[PDB]
2 protein chains.
Amino acid sequence: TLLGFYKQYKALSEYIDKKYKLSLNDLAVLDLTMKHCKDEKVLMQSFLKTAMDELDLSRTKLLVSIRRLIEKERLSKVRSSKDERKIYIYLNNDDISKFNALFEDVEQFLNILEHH
Amino acid sequence: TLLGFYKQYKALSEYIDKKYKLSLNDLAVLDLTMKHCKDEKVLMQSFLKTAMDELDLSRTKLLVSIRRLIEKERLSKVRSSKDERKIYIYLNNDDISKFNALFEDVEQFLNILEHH
């Protein structure tokens, strides 16, 4: 069951990587943004604080994930308007359908792995 | 369930890393040395062949796990005296003792994690 768990993680991790060019860190971050950012803009700084705390990653590794997500069009960003130093992240409606598709696919691959 | 699994994996990895200075890849390989070089010295080029076959890891990956397991004195190697200067890997009785103590401890921690 240790070895079992190792096979699950490797298979799962290869699947996500070959299919969506994301890591599990990426999916952990994306899932956070769903809870804290559903069609409501959130300041990076505030999100990074919640995120570092909840997922025990470095600030540095989170920004890698956040950049990758926005680069791959799974998460949105906005600057300004008033203050050109406050950046905001958010999930729009297409980001959300994408989120629903990625996780149904990924969670269902995990259900299968959890048997064989 | 996705984030659950991620949490489990993060915690197990960190436990193995902090307490044993090993990775999951290592444990997997060690488990594999236990199904193959418990009773015989085994030729390393022969181990890897059946290792990649059964674990699907990078040859490049395996050679670093093996070497770490020997450096950590959880696996043993010897150099043919006879005609080749080829390398054999094997588990001795101290190694097998360390193997059972290691897997007992890690399986028990995994068991704890799989309840929360």
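Residues numbered from 1 in each chain as written, not as in the entry; some residues may be left out. Chains lettered and ligands numbered in written order. Heavy atoms only, no water. Residues with missing side-chain atoms left out of burial classes, pairs and counts.

Basically, it comes down to this: UniProt positions are given in the numbering used here, feature names are shortened, and annotations may be inferred rather than shown by experiment.
Under the annotation held in the PDB entry, chain A carries the name HTH-type transcriptional regulator SarX and is attributed to Staphylococcus aureus subsp. aureus USA300. The title field of the PDB entry reads "Crystal structure of Staphylococcus aureus SarX". Taken verbatim from the UniProt record of chain A, the Function comment is "Involved in the regulation of virulence genes. Acts as a repressor of the agr locus and consequently targets genes regulated by the agr system such as sspA, hla and hlb. Binds directly to the agr promoter region (By similarity)." As its UniProt record puts it under Subcellular location, chain A is described as follows: "Cytoplasm".

Observations regarding the interface of chain B and chain A
We count it as follows: Contacts between residues were defined by any pair of non-hydrogen atoms, one from each residue, lying within 4.5 Å. Helix and strand assignments come from DSSP, with helices taken as H or I runs of at least 4 residues and strands as E runs of at least 2, each series counted from the N terminus.
Listed by partner, the interface residues are 23 residues for chain B and 24 residues for chain A. Listing elements by their share of the side of chain B that touches chain A, those giving two or more residues are α1 (2–20), α2 (24–36), α3 (44–55) and α5 (93–113) of chain B. Counting residues per element, the side of chain B that touches chain A draws most heavily on α1(B), which supplies eight residues.

A word on the packing of aromatic side chains
What counts is decided by this rule: Note on aromatic pairs: the rings of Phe, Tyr and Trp (six-membered ring only in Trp) are paired at centre separations within 6.5 Å, and the planes decide the class, stacked below 30 degrees, edge-to-face beyond 60, tilted for the rest.
Judged by centre distance (3.5 Å) and plane angle (10 degrees), the rings of A:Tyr9 and B:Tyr9 are stacked. Taken together, the residues A:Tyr9 in helix α1 (residues 2–20) and B:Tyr9 in helix α1 connect one chain to another.

A word on the sheet that holds strand β3 (residues 87–90) of chain B
All names here are of chain B. Quick reminder of the rule: Each pair of strands is called paired provided DSSP finds at least two bridges between the two strands.
As summarised here, the arrangement of the three strands in space is β1-β3-β2, forming an open sheet in which the pairing is antiparallel. Two strands lie at the open edges of the sheet, namely β1 (42–43) and β2 (76–79), each paired on one side alone. Where β2 and β3 come together, four bridges link them in antiparallel fashion. Looking across to β3, one finds that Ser-76 is bridged to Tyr-90.

Points about the pattern of salt bridges
Residues and elements named next belong to chain A. Quick note on the threshold: What counts as a salt bridge is simple: a side-chain nitrogen of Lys or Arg found within 4 Å of a carboxyl oxygen of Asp or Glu.
With a shortest N-O distance of 3.1 Å, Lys-19 and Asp-105 are connected by a salt bridge. In this pair, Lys-19 sits in helix α1 while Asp-105 sits in helix α5 (residues 93–113), placing the two residues 86 residues apart along the sequence. Note that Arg-68 is salt-bridged to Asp-26, the shortest N-O span being 2.9 Å. Of this pair, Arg-68 sits in helix α4 (residues 59–71) while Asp-26 sits in helix α2 (residues 24–37); the two residues are 42 residues apart in sequence, bridging distant segments of the chain.

Notes on the relation of the copies chain B and chain A
Rule in force here: Here the copies are laid over each other by least squares on the C-alpha atoms.
Placing chain B over chain A gives an RMSD of 0.8 Å and needs a rotation angle of 179 degrees, together with 0.2 Å of translation along the axis. Taken together, the rotation and translation relating the two chain copies correspond to the operation of a two-fold axis. Residue B:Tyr9 of chain B places its C-alpha closer to the rotation axis than any other residue of that unit, at 4.0 Å. Counting the interface residues of chain B, we find that 96% of their copies in chain A are interface residues as well, pointing to one common contact surface.

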